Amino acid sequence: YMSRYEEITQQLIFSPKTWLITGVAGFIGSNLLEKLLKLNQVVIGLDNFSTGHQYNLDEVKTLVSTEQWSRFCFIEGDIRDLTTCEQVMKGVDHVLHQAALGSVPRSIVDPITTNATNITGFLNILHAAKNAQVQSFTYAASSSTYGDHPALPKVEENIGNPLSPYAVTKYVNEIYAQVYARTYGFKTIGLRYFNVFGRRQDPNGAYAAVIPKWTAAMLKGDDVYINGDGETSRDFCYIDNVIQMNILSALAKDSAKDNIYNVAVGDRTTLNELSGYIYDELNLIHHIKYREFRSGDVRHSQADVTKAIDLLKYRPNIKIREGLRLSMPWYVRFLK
């Protein structure tokens, strides 16, 4: 039972709000779209189809009723354009900012466009939200910001040195958000995601994340590569936990705002064990090589979620094995 979350959702259904989702055609964005429409919220969506896809939007349309779909206004546009940022803010209550170009490798190889997308784009959205006087503002941050801090588990208040331009951009989102609270009274929540996974995470392309990447290859009978020794470890966190945290953040009490929260489950899985896990789960629905470490890549990652548990009454319910199980059927349909 996700008790607090249950209750917040009940409020929303009775007293529906207008939400903006940037990144809405992407993985986490379209997941948020799915749930909010299912709660009868009015949603305004913004995406430029860079890493996101029209087919994410089409899938969501099939997952929700037609009255629900009718409360969704999609706007093709770019967060790098302040003007489009302000137009989409008009009448918004709740901001959920997911639009970014992710990936640590991407940032190393083009820190320029990524800076414009992830810093300039974020400030555009942040400033426009302030001027529009939204009720809340919750944005996607990153565990990569811990950097080279050696402590496990990772606690919000203790971070190291950024090890990639991607880490920098996400850290900058946090600092601008803090200064926005100091300078304007504008109180936000930043969510440091830890390896999110589930339905509609892109398996294709040179920047694919490890779970969909491997799943896709296992299905195709292709090779399953591992960047380094396989001991590199992570806190894989199924999207539903992320959707919970975004919605709790949006209706957080004021004292819980201007804070950063780890979003994860608190577990550690190595890349060796995951390789196993995905195979076992895919083999139930009836169907290995080592290379060099990825540069700018973080060694070990495990979240401490006590802070979100405490302040938001976050209840992480779906762990890695279950979440794989919920996902593999999605990837079969999608890749066939």
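Numbering starts at 1 and runs along the sequence shown. Note that the rigid core is defined as the largest set of C-alphas that superpose within 1.5 Å between two forms.
Exercise for the section: Any chance you could tell me whether 121-129 or 226-234 drifts more in 7 other deposited structures of this protein, judged by RMS CA distance from this form after superposing on the core? Expected result: Farther on average in 7 other deposited structures of this protein: 226-234.
Exercise for the section: Taking the root mean square of C-alpha distances over all structures and residues in 7 other deposited structures of this protein, with a rigid core superposition, name the larger of 42-50 and 297-305. Expected result: Once the core is superposed, the stretch further away in 7 other deposited structures of this protein is 297-305.
Handout entry: Count class of deposited residues lacking coordinates, residue 287 to residue 288
Key = The entry has 4 to 9 unmodelled residues between residue 287 and residue 288.
Practice task
Could you settle it for me: does 126-134 or 229-237 have the higher average Cα B factor in the PDB entry?
Solution key: The entry gives the higher C-alpha B-factor average to 229-237.
Exercise for the section: On mean C-alpha B-factor from the PDB entry, just flag whether 99-107 or 213-221 is the higher one. Expected result: It is 213-221.
Handout entry: Residue selected from 274, 37, 308, 44 by maximal Cα B factor
Key = That would be 274, according to the entry.
Handout entry: C-alpha B-factor winner, where the candidates are 18, 10, 22, 327
Key = Of the options given, 327 has the highest CA B-factor in the PDB entry.
Problem - CA B-factor placement of residue 195, once the chain's modelled residues are sorted into thirds - result: It belongs to the middle third of the chain when residues are ordered by C-alpha B-factor.
Handout entry: CA B-factor placement of residue 201, once the chain's modelled residues are sorted into thirds
Key = Tercile = middle for this residue's CA B-factor.
Handout entry: Chain-relative CA temperature factor third for residue 150
Key = According to the entry, residue 150 has a C-alpha B-factor in the chain's highest third.
Exercise for the section: Sorting the chain's modelled residues by C-alpha B-factor, tell me whether residue 30 ends up in the lowest, middle or highest third. Expected result: Lowest third.
Handout entry: Third of the chain, ranked by Cα B-factor, where residue 83 sits
Key = Middle third.
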